[PDB]
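Presented below, as structure tokens, is a lone chain in the form deposited in one PDB entry.
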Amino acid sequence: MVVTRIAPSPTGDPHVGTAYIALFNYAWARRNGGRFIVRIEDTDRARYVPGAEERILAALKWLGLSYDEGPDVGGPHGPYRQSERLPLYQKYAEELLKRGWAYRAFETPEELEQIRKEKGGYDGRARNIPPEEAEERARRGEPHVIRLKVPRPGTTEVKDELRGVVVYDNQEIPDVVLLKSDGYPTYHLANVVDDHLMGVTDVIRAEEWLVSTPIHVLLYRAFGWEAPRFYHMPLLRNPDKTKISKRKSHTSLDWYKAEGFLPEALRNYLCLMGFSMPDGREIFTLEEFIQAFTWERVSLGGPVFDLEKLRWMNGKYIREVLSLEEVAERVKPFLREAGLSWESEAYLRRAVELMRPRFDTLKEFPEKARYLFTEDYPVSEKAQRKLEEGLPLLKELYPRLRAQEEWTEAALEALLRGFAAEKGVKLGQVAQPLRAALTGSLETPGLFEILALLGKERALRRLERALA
């Protein structure tokens, strides 16, 4: 049975790269009727962030993914936090020492710096310390690390399921640290011990870890374990071909959520990063992704993660995938956040209908249609100047509107049409000043649809305010 996993580090915001990797791990598992598990890599007691674990778990669920074993749900092969299995790594490191596959190294930071500059990296000199002498020094409390004893000379063959076999000269593989002087493990030791004990059969991770694989293959060999299948996903790239980074762009899944991006849209977009549908469709469900999933369709080139394309997909979901009622429900949290209310559901539905063609994110709705829910809306500098320019025209029009019995889009349109002809001006000369007065903006949906929405009295009231 296929068993995949994700091993996120709770060191900050939930990263989009984590969602991307999680998505493919989840799909490969579900397509094979297997299991997808979550294991928290929280050994870095320096970068640990309280609440980061919960936020990453929440983000995965928000996206529509689910997992079968993890910190909160539990599982048969836990603990599911590496910080809760520190004793296991120490015991496995000791097993490697016993097998001659590891050794204790006592160099100080200053010594390592000198060796590094002299040899180009650590040269494994501690391998020549008599084993019993190394144990005695350790027993006496001398600080040290446990390193992998790479076979010198030798070669290590590694297979990535998407790229093929690579033959590494062991000279390219250093005697990496497996257990740190503080008793904590490095990812090299932790991932191998945990993937094995959790029954992971398919390791799917970012390509930046590809060159680290021979170290892991050496570890599986050292323990006498069977190595799992390895799949390295191409890194997400910026339009300029550079690797996306949290230090250069928005990578926080919480930011996307707060900005009004729909989880179904973002999930759909990540699906297009390292994969394409046969017929080429770009809009599809998570289930369709799983049903169509195959490694044969996963591109190796660097996938471009473009915010403009994401926004486009978000908007397409907003006006072509969801129903008007679903959209109305989802903008509610954003209206409340903006401190706005709605008289009724029928009114909200109408406002959403009028604005639907004008916003790509849920957060833009309250921002662009604030004047529809309150009188406390901003008046642009451009709209104010336009209002001032047409004030005399509006002043003369006011009486007509007040005496206007038929208050409908068509009637109002006809009224302004006649008025413009009467004043010898084009409809637009009257329409724009009026839009500014009623909305504080020069860009809104149909002027006449907006002028009839609130109602004569409510419309006149706001107009008098603008004319005052």
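Each residue number is its position in the shown sequence, starting from 1. Here the rigid core means the biggest group of C-alpha atoms that line up within 1.5 Å when the two forms are laid on top of each other.
Below, we turn to the form deposited in another entry, even though it does not appear here.
Among the candidates 98, 163, 77, 385, the CA atom that moves 2 angstroms or more between this form and the one not shown after core superposition belongs to 385 alone. With the core held fixed, residue 32 shows a CA shift below 2 Å between this form and the one not shown. Annotation: Cα of residue 54 displaced by less than 2 Å between this form and the one not shown, core superposition. When two forms of a protein are overlaid on their rigid core, residues whose CA moves 2 Å or more are considered shifted, and residue 279 is not one of them between this form and the one not shown.
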